[PDB]
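Trainee: Before anything else, here's the structure in question.
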Amino acid sequence: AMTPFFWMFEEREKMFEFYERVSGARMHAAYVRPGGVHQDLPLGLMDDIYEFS
Amino acid sequence: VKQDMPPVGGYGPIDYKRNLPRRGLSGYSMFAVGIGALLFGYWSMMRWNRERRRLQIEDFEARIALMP
């Protein structure tokens, strides 16, 4: 089943772009301090998440 | 002033329904299509084989008449 792997990984490439815009890291974004989330989202992210949804 | 990122007046919906059209064609009709094309091929093949039998009879006449 070669191809749906790559379809859904293109969607996951959008999701790693979202992680990048949130923190900066591709995958291993720490970003969650004990004591709540640190350094909140830049203005212009929730509409992108709406589009992805 | 504050410049966080909330949703701008709220966000629209996103569906979660499994879109499968189950098309379809009412497969008994597809059996009708397959048997129809099958019988079409049989009728045309039947006609062409019998006319080539006619012309092969002409080739038999060629070898009969040419021989002595």
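Going through the structure tokens in order, the chains are called A, B, and so on, while each chain numbers its residues from 1 and the ligands are numbered from 1 in the order shown.
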Which chain A residues have any atom within 9 Å of an atom of chain B, and for each, what is the nearest pair of atoms with distance in Å to one decimal, counting only C-alpha atoms, rows sorted by chain and number, as a Markdown table?
Mentor:
| residue | atom | partner | partner_atom | distance |
| --- | --- | --- | --- | --- |
| A:40 | CA | B:4 | CA | 8.3 |
| A:41 | CA | B:5 | CA | 6.9 |
| A:42 | CA | B:5 | CA | 6.8 |
| A:43 | CA | B:5 | CA | 4.9 |
| A:44 | CA | B:5 | CA | 6.7 |
| A:45 | CA | B:5 | CA | 7.2 |
| A:46 | CA | B:7 | CA | 6.2 |
| A:47 | CA | B:7 | CA | 7.2 |
| A:50 | CA | B:11 | CA | 7.0 |
| A:53 | CA | B:14 | CA | 6.1 |
Trainee: Per DSSP on the backbone, what are the helix (DSSP H, G or I) residues of chain B, as a VMD selection string?
Mentor: chain B and resid 28 to 66
Trainee: Hey, what's within 12 Å of residue 22 (chain A) if we count only C-alpha atoms and toss same-chain stuff fewer than 2 positions away? As a compact mmCIF listing (two decimals) with N, CA and C atoms, in the first residue's frame, please?
Mentor:
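Contents of the output file around_2.txt:
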# COMPACT_ATOMS: atom_id res chain seq x y z
N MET A 15 1.22 19.73 9.20
CA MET A 15 1.20 19.78 10.67
C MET A 15 2.57 20.12 11.26
N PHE A 16 3.64 19.70 10.60
CA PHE A 16 4.96 20.12 11.07
C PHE A 16 5.22 21.59 10.78
N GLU A 17 4.64 22.13 9.70
CA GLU A 17 4.66 23.57 9.50
C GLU A 17 3.94 24.30 10.64
N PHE A 18 2.85 23.71 11.14
CA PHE A 18 2.16 24.31 12.28
C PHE A 18 3.02 24.27 13.54
N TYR A 19 3.70 23.15 13.81
CA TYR A 19 4.64 23.10 14.94
C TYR A 19 5.76 24.12 14.81
N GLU A 20 6.26 24.31 13.58
CA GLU A 20 7.29 25.31 13.32
C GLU A 20 6.79 26.71 13.65
N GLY A 24 9.09 26.58 16.59
CA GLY A 24 10.28 26.68 15.78
C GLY A 24 10.86 25.33 15.44
N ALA A 25 10.72 24.36 16.34
CA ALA A 25 11.22 23.03 16.06
C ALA A 25 10.33 22.30 15.07
N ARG A 26 10.94 21.38 14.34
CA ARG A 26 10.19 20.54 13.42
C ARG A 26 9.35 19.53 14.19
N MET A 27 10.01 18.68 14.97
CA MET A 27 9.34 17.60 15.68
C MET A 27 9.42 17.75 17.19
N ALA A 29 9.58 19.76 19.68
CA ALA A 29 9.31 21.01 20.36
C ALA A 29 9.00 20.69 21.81
N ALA A 30 9.82 21.20 22.72
CA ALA A 30 9.53 21.02 24.14
C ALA A 30 8.26 21.76 24.52
N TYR A 31 8.34 23.09 24.60
CA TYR A 31 7.23 24.03 24.53
C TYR A 31 6.19 23.94 25.65
N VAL A 32 6.18 22.88 26.45
CA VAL A 32 5.19 22.70 27.50
C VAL A 32 5.96 22.67 28.80
N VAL A 37 1.70 26.20 29.40
CA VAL A 37 2.36 26.41 28.11
C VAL A 37 3.18 27.70 28.14
N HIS A 38 4.38 27.65 27.56
CA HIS A 38 5.27 28.80 27.48
C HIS A 38 5.31 29.37 26.08
N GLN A 39 5.34 30.70 25.98
CA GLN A 39 5.56 31.46 24.74
C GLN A 39 4.47 31.15 23.71
N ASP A 40 3.29 31.70 23.96
CA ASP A 40 2.08 31.34 23.23
C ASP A 40 2.11 31.66 21.73
N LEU A 41 1.03 31.29 21.05
CA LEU A 41 1.01 31.24 19.60
C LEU A 41 1.02 32.64 18.97
N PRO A 42 1.68 32.79 17.83
CA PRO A 42 1.63 34.07 17.12
C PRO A 42 0.27 34.29 16.48
N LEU A 43 -0.04 35.57 16.28
CA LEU A 43 -1.35 35.96 15.76
C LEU A 43 -1.46 35.54 14.31
N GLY A 44 -2.42 34.67 14.02
CA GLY A 44 -2.58 34.17 12.67
C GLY A 44 -2.36 32.68 12.54
N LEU A 45 -2.73 31.92 13.57
CA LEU A 45 -2.56 30.48 13.57
C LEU A 45 -3.88 29.72 13.58
N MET A 46 -4.86 30.21 14.36
CA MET A 46 -6.12 29.50 14.53
C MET A 46 -6.91 29.41 13.24
N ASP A 48 -5.49 29.16 10.32
CA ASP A 48 -4.80 28.11 9.58
C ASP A 48 -5.22 26.74 10.07
N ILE A 49 -5.43 26.59 11.38
CA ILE A 49 -5.90 25.31 11.92
C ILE A 49 -7.32 25.03 11.45
N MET B 5 -4.17 35.36 20.01
CA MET B 5 -4.88 34.73 18.90
C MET B 5 -6.10 33.98 19.41
Trainee: If you measure from CA of residue 39 (chain B) to CA of residue 56 (chain B), what distance in Å do you get, rounded to one decimal?
Mentor: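 Computing it gives 25.3 Å between the two atoms.
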Trainee: By how many Å are CA of residue 11 (chain A) and CA of residue 20 (chain B) apart?
Mentor: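 Computing the Euclidean distance for CA of residue 11 (chain A) and CA of residue 20 (chain B) yields 20.8 Å.
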Trainee: Between CA of residue 21 (chain B) and CA of residue 10 (chain A), what is the distance, to one decimal in Å?
Mentor: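 Interatomic distance here is 25.0 Å.
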